[PDB]
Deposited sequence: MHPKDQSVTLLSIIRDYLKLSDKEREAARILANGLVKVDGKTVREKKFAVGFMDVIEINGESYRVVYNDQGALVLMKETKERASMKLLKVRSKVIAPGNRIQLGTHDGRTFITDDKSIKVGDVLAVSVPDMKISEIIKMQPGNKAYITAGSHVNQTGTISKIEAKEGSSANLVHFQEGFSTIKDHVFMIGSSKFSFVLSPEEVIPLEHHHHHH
């Protein structure tokens, strides 16, 4: 499935559920839509997993359904002030000058060489402050973003890595490739 969709499409899909899709374009146009706490009126603006979408003062989270498509779910005001960003890419230069590229296209610059692709940053939406790192490692909990176990959660039991052509295993009795595993909880912090 598409890993990003237009802001207009995801709002229209949601509004379909109450037979109000006809108003999607007017609601967007009225400056009544925010993404990650910033007003957006551009219908072509792409949104993806974990984005916080506000429609008319009400908060929603972009998540996946059991078919793997991006959809909105109702979110509490309290949780809406937070977002998890998966580290999707790194550029490592000399002297621990490290660019972290997150799954929503943001970049942060760190000198912590311990942060790996697959680790997750818990950030505050009102100001982008990073508050926690959720490590991709055994004993931590994840949500599955693609493949056959999409929209399931589990606690990692073991991780296997090789060079050339892998797998994260879960206590719950399944495994997937790392690409599909999105960290959401540790002992000290949980999205849930």
Exercise. Counting from 1 along the deposited sequence, which stretches lack C-alpha positions?
Worked result: 1 to 3, 169 to 170, 198 to 213
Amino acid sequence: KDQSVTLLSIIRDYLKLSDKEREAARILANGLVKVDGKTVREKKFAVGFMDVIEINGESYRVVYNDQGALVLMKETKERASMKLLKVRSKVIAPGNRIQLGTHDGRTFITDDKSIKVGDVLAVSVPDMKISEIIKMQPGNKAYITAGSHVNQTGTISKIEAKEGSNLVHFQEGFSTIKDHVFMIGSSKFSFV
From here on, numbers count along this sequence of modelled residues.
Problem set entry | Between 41 to 49 and 125 to 133 (mean CA B-factor, as deposited), the higher | 125 to 133
Problem set entry | Mean C-alpha B-factor comparison - 71 to 79 and 99 to 107, higher one | 71 to 79
Problem set entry | Peak C-alpha temperature factor (PDB record), options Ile159, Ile27, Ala146, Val62 | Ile27
Problem set entry | Chain thirds of CA B-factor: placement of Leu8 | middle
For this session: Check where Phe170 lands among this chain's C-alpha B-factors and tell me if it's the lowest, middle or highest third.
Result: middle
Exercise. If you rank the chain by CA B-factor, which third does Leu17 end up in: lowest, middle or highest?
Worked result: highest
Seminar exercise, completed: Assert third(CA B-factor, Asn56) within chain per record equals highest
Problem set entry | CA B-factor ranking of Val35, expressed as a third of its chain | lowest
